[PDB]
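Heads up: the first sequence runs through residues 2 to 766, 775 to 1016, 1031 to 1051, 1057 to 1365, numbered per the entry's author numbering.
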Amino acid sequence: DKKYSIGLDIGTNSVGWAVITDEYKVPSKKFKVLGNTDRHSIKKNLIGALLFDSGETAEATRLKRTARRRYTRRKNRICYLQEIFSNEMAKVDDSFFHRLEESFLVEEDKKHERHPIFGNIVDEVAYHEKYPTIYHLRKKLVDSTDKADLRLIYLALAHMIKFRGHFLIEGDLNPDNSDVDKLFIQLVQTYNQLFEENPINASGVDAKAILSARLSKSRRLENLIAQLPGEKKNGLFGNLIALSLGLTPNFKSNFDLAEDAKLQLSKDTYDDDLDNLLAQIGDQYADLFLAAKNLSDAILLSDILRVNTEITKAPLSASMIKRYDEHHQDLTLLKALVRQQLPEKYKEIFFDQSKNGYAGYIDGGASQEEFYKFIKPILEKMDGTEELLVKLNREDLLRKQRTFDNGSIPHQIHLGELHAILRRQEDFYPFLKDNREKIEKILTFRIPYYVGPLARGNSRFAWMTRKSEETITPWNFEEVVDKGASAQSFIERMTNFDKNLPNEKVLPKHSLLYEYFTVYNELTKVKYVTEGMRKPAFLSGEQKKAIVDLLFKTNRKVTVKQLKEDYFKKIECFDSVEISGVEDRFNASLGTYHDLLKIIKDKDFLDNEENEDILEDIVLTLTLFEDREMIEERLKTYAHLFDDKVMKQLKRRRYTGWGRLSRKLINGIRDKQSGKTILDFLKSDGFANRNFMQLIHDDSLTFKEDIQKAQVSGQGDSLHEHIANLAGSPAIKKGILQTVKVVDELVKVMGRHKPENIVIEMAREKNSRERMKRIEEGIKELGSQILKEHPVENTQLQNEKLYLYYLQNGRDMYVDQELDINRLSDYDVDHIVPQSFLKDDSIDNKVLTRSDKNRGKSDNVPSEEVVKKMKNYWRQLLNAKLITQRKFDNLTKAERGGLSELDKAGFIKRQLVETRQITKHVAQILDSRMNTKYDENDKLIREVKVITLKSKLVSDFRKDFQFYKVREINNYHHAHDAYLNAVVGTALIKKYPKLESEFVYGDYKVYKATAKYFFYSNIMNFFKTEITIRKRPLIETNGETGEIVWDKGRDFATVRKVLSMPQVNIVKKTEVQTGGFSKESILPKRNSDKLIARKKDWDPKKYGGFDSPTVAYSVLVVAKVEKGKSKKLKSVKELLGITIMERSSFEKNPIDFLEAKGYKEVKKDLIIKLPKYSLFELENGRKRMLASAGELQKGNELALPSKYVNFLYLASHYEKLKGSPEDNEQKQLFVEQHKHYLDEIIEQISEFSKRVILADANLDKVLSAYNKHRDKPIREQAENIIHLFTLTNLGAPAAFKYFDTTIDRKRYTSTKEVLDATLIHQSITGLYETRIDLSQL
RNA sequence: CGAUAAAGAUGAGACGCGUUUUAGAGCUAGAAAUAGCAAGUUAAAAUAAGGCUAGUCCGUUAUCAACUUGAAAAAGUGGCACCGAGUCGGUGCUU
DNA sequence: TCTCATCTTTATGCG
DNA sequence: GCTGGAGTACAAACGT
DNA sequence: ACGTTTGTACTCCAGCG
C-alpha cells in the first residue's frame, strides 16, 4: 500500500524502466527463484532496461512477394506459348520442350541429348555459327521470307515474351521514324504553315545533340528555348516541345479556353483529351500534334535504337547486331595492339579472371564500369588508341547485349518484332495465323493494378470478384474478372471508416450530401440582428432553404454582403442588417453542385430532392476509378438521363478526396422522438439552430447513445491490434508494446498497486544511393557542372563537410564566391535558423560556409539584404530539387516578417512540451489501461497520472548537475534515463500543478511573449541552488500548498546513490528468428556439406547452391550416437541449430527429425528450446548469451564507478564545450589533476576482462597499446579509452581501435561450456527468474 | 476549415540486371607435365526448400522468459520492513 | 528502375 | 555497416 | 602412442537498380 511512481524511456531498440518512491528511492525486493537450482531467493532492485532487436518494415517482404508473383507469371507465359506450339512441335521435334526444360542438368541426369535445340552436335554448332546471338536470329526472322524451322521461331518468340520490356509508354510506338532533326524540321514547317504572323526559324540548330541529350528533360527544354531566337517555353512552340519530351504543359493560356487541357503522351487519356481539344478549337491543329507525337517518338527511340530503320523492320535487333560487330572489331584491334605494344600484360587482360580485364569482364564478375576503370589507364599508357578512348568516354566500347540500359526499352519494339515474325511465317504454318492475336495478347497482357492477385479466397492481399467461375487466361480475363467491382474494392479496402460508426464507410469529399451537410452546418452558425428585434435570432428552416437556393446556387462562394443584400433587402425587405457568426467569406460551398451544373447544363435536375442518390453514385464513380473505360462503363447506366457531350464532360471530370464522415451519420440515423436526422436538425430546429459538434455530445439527443453503442460494438481491439493500428515505424511500435508489457509486469510486482505517476519519454529515432541520385538529379536539372569539375567517390560522401561541398555548387551561401575543395579544416558547417532557437542538425537545415559572419546577424535568420541578393539562387536551387520548400520558407522568412518574439518564445517552449502525436497515443494507451473505473456522473477517476517529457529536461538535468552519461560503458544509462525521467516528472508536477495541461495527458482546464520567454527559459531553475545571483532556499516548497518538492541537501545523494548502484536488471529480449532461410547468393559447385540444395533433385556438389543458413532456435538434446565401426551407443549432450527451413519439420515431429539427424533414443521431455539471446551463467558471474548453436555472445555489464564516468565525460569533451569559461576552466583543471584515473580505469577494464571477458591476446594487445600512448594528451587518451570499452560491452563481439592500433574481435566457435551451466529464464523486467541447472540433466 | 510541400507506412501491377548448371565439338607441339596460339558478346532453366486450399494462390512483416489451465486470443502463478553495496548481500517479522 | 492507390504526420501561412 | 557462417592453417587436449 | 577432434587465429562474404 506504499505510493510509488514509474519512469519510462522508450526507444527503437531499448526500453528503460524504474520504480521510485516518494523520496526518489528505488526499492529492492526479494524475488523467489523457480527451478531445480539451489538458489531460492534473490534480492533485486526495481530498476532495469529491456533490450531488443529493432522492428522491421514489411517493404522487403512485399518486394520479395511481388518478385515471386512476377516469376510465377513469367513461367505461366512461357507455359502458354508452349501450349500453343505443342501440337505442331510434336510433329517437328517431340522432345524439344523436354530438352529445354532439362537444360539445367548435367549429362548424367539428362534424359535426352545434351544439345537443347537440335539434339545433335553438328546442327547446334551450325546454328550457333549462323546466329552468334539471339538478336541475329530475331533480325533474320523479321527480315527474311524463307521458311524457317519451328524451333527457331519459338526461340525468338519466347525470347521476346520472356523479356518483353516495360509498359511505361501507353499507346502505339512507330519505329519507322528515328531522326530527331528531320521531324523537328517537319514540326517547324507545319508551325510556319499554320502560324504566318510569327513563324519559327530553326535553321542551324543541332537538334540531335539538344533533344537526345543526357541531362534532364526540363533542362533539355530550357537549352532548346535558349537557342531558339525569340521563343518562350510557355509559348505554343515551347508547349509542343515540352509535350514532346513528355513534361506536361498547360494549353489553357496559350489558346484561352478556360480549361487546363493538359496533354501527356505516355497516358492513354491523351487521345480523348486531344479529341476534347479538337472540339474546343477545331481540326486545323491536328497535324501539329501529329508532328509533335512523331518528334516525341524520335526523342524516345533515338536513345535506344541508334541505327538505320529504313533497311529493316527490327531496329532493336539491328542495334544489338551493331553492338556485337563493334565488340568483335574493337576486341580484335585491342588484342592486336596489346600483343604488339605491351605483350607482357596479355595474360592479365585476356586470361586472368581475377583481374578486371577482358577475362574478368566476360568470365569474371567484373561489370562494365569496373572493366572501363581497369582498361582506361592501359589505353592511356599506350600510343595507338584514339577511337577506343573515344568510345570508352562515350560508354560504347566492347558492349554486351544484355546490359543495364535495356530497362528503357518499351514493349512496343518487342511487340513489333513479334508481329513481324508472325506476319512473315503465317503463310507457311497456319497455326500462327490462327493464333496471332493469342501470342500478341500473351506478350501484351499486363494485369491492371486495380485487379490484384487473381485469387480464389485464400489470400490476404486480394480484392477481386469473378463474374463466372473459370480459369483465368490472358484471353478471357476481361470476360471473367469483374473489373469495375475490383477497382471499387481496390479503393474501398484502404479507405477509412468513420470513427463514430466503425462499420460504416466514409463518403467522398466531393459528395452532394456532404456539401449540403457542411453548408447547412455553417448556416446554423449565422446569426442576424436588425431593428425592432430585442435579441439576436437565428434563421428558420424555410429561410435557410431560400438562402441556399439563391446564394449558394448562384455564387459558388457566398459572402455576407450578398446574403444581406439579396435575402434581407431584396426578399425580407430589411434594408440594414448586421450579420454574425461567419467571416466575410464563407467556407462551405456547393462545389460539386456547381460543377455538375456546369457539366449537365440543367438546374432543376440537381435541385430535386429524390434524384440525389443518383448524383451521389455519380460522384462516387468519379472518385473511385481513374481508368477511363471503368468510368465509362459505370456511367453507361446513367447516360440516358444526360446528353452524350454532357456524359463525355462527366467522363473527363475528376474528384480526388475522401471525407471522414459516413452517410448514415449525416442522413441515416435519426432521433427516437423527432425522427429527424442530423442533416435535418441542421435544416430546421424550430428556433434553436444547433450544430454538429454538440449534437454528437448532446445528452438529451439519442445521437450520443447510438454513437457510443457503435463504438462499443466490436469491443475495440486487443493491445497488439490497437498498437498496429497506430502510425509510425514498426520499430517504435515494438518499443511501445514492450513498454506497456513492462508497465503491466511492474504493476504486478508491487502487489497490484497502481502508481499515481507514470512518466514517459521517447527517443527521436541505403542513404548514400539517395545522396548520389539527388546530386545527379540536381546537376541535371540546373545544368550544374560540379561533377564534371571534379568527380568523387561514394564512400567519401559519408563525411558531412564533403557532402555539403558537393551538394551546393562549390560555393558557400549568402555570398557570391567560389571556394575550393582541399581546404577541409578551415571551413565550418552553419545552421540557417540558429542553434540557440531550434535544434535541427539535418542537411535540410545545415549549410557549409567559409565565413559565417556574412549572414547579416549572428543569431537570427539571414538578413533581408542577403535574401534580396541570394533569392534568385535560392529559387533556382528550389527548382533543381537541391533545397526544400521548408528550407525556402526558412530562408525567405526575413522578407515575410523575420522572427517575432512570439515566434522566439515558441522556439523556446518547443524544447519542453512534447507535441509529437505518437507520444500522445502512448499516453492515451497507458491512461486507458491504468485508469479504468468510473464514478458518479460517469467521469473517469484519474487514479494514475501519465506525464510526458522531452529529452531536453533529462539531458539538461544531467549536463548541469554532473550526472553525466557515457553510452559506451554499459546499457545502465537506459535505466538511469528512465529513473531521471521519473524524478524530473514527479518534481515538475509537485512544484507546478498549473502546467498539467502542458505536461500531462488528460482533460484539464488550466492554461505576453516576454513573460513566456522567461517562463520557458527558466523552468528548471528551482533545481539549481544559484540562479544566473539569486539564492533560492535549499528546501523547495510547492507554493500555495505545503509539500517538499525538492530537497537539495539529501535528494542529491539519493540520485547519486541510484546512479552509482551496481545491480541493474539489463535483459536482452529472447527472440525466435523470422526471416529467409539462407544467403541469397548462389555459389558454384564444391564438395562441401554446408551447401543447401536449390531444388529437391539438385545435388549441391553437382549444381551449387546456398551456403549460410539462419538458425531459428537452438535445441538442447541428450541422446546417444553411433561411434566407431562397431556403432556403439555413446551418450552425448549437444545443441542442434534448427534453421527456418527445418523449423516446420522439427515442430511437426521432433523425434523423427532428431532420428534423421543421427541422435537415437532422444527424450521428448528433456528437449529444451533455446532461442537466440538466451542467458547462461557459468562461474564467477561470467554470463554468456546464445547467438547460435555454435557461437556465444558476451552478456555482462561493467559497473564502473560514477567518478570514472564523470572523468571520462569531462576529459573527452563530449559535444565540445558549452558553458561559462570559469566552469569549463574548472572542469579542465579537474581533468588535469586526476590523470591517474586513466590508470584506474585501465585496471578496472583489465580486472573485469580477466574475470568474465576471456580474451587474453586482445587484453595483452590493449595493454601494450595503452603503454605505447601514455604521452598523448588526456583528451585523446580518454576518447581512445571510450573506444576501449567496446571490449567489455554486452552483445556481439566487434573490433575497436586504440589510436592507430586496431584489435580484431575475439569470437567463439564453441558452445560446449554452457551445456554444464545454469540456464536463466528471465521475465521482461528480469525480476521474476527461473534457473535451470543443465549439469543435472 | 480546406490548401501547399515533404517524409513515413501499407498494398498492387511491371521492367532491367546479377548468380548458378548446361549448350555454344578449342587447335598445335609433347609420353605427360606444360607451353604457344585461337576464342570470348548468346541461350535454356531456377531465383527462397516448398505447401494445399490446387489459386496465373501462398511462403522472408508483426507477436514470442519459465510453469499451469488451455482450441486459441490469452488467463493465472512468485510476503513485507530495515541496514548496507561490485552485479546484490545480511538481519528481523510473517505466511 | 518505373506506374498506381490509400492513410498519417510535420512544416508552411490564413483566421 | 553488422555479425554469424564458412574456409584454412595449426596446435593441443584426449580417447582408443 | 597415435589419431583426432577440438580450441584458437585469421580472412572473407553478405542480391541490386
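All C-beta atoms in this analysis are idealised placements derived from N, C-alpha and C, irrespective of residue type, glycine included.
Length of the line joining the Cα atoms of residue i and residue j
i, j, result
"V559", "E573", "18 Å"
"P537", "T703", "28 Å"
"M631", "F462", "22 Å"
"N1093", "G8", "15 Å"
"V824", "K1014", "51 Å"
"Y1131", "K810", "49 Å"
"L389", "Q413", "33 Å"
"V1190", "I1360", "19 Å"
"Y362", "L332", "12 Å"
"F119", "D150", "10 Å"
"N690", "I670", "19 Å"
"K209", "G239", "17 Å"
"residue 1372", "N1177", "One cannot answer for residue 1372 here, as it falls past the ends of the chain, which runs 2 to 1365."
Beta strand (DSSP E) segment containing residue i, residue limits
i, result
"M1213", "1210–1214"
"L52", "48–52"
"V16", "15–21"
Three-state secondary structure (DSSP) of residue i
i, result
"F1204", "strand"
"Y943", "strand"
"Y1242", "coil"
"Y988", "helix"
"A1147", "strand"
"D1135", "coil"
"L455", "coil"
"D284", "coil"
"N1093", "strand"
Proximity below 8 Å, CB of residue i to CB of residue j
i, j, result
"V16", "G1133", "no"
"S318", "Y594", "no"
"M465", "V482", "yes"
"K1096", "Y1201", "yes"
Opening and closing residue of the alpha helix (DSSP H) in which residue i lies
i, result
"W1126", "Unbroken run through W1126: none, as it is neither H nor E."
"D10", "Unbroken run through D10 is the beta strand (DSSP E), 6–11; no alpha helix (DSSP H)."
"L237", "237–246"
"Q426", "412–426"
"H1349", "Careful: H1349 lies outside any alpha helix (DSSP H), inside the beta strand (DSSP E) at 1346–1350."
Proximity winner among the options, relative to residue i (alpha-carbon distances)
i, options, result
"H698", "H754, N501, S541, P800", "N501"
"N979", "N37, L52, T22, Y25", "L52"
"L153", "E171, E125, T22", "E125"
"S1351", "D147, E746, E260", "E746"
"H511", "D596, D499, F446", "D596"
"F972", "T957, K961, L989", "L989"
"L696", "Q712, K677, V713", "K677"
"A903", "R938, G865, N940", "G865"
"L444", "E779, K1255, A159", "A159"
"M763", "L591, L1287, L997, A987", "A987"
"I300", "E327, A259, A214, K1185", "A214"
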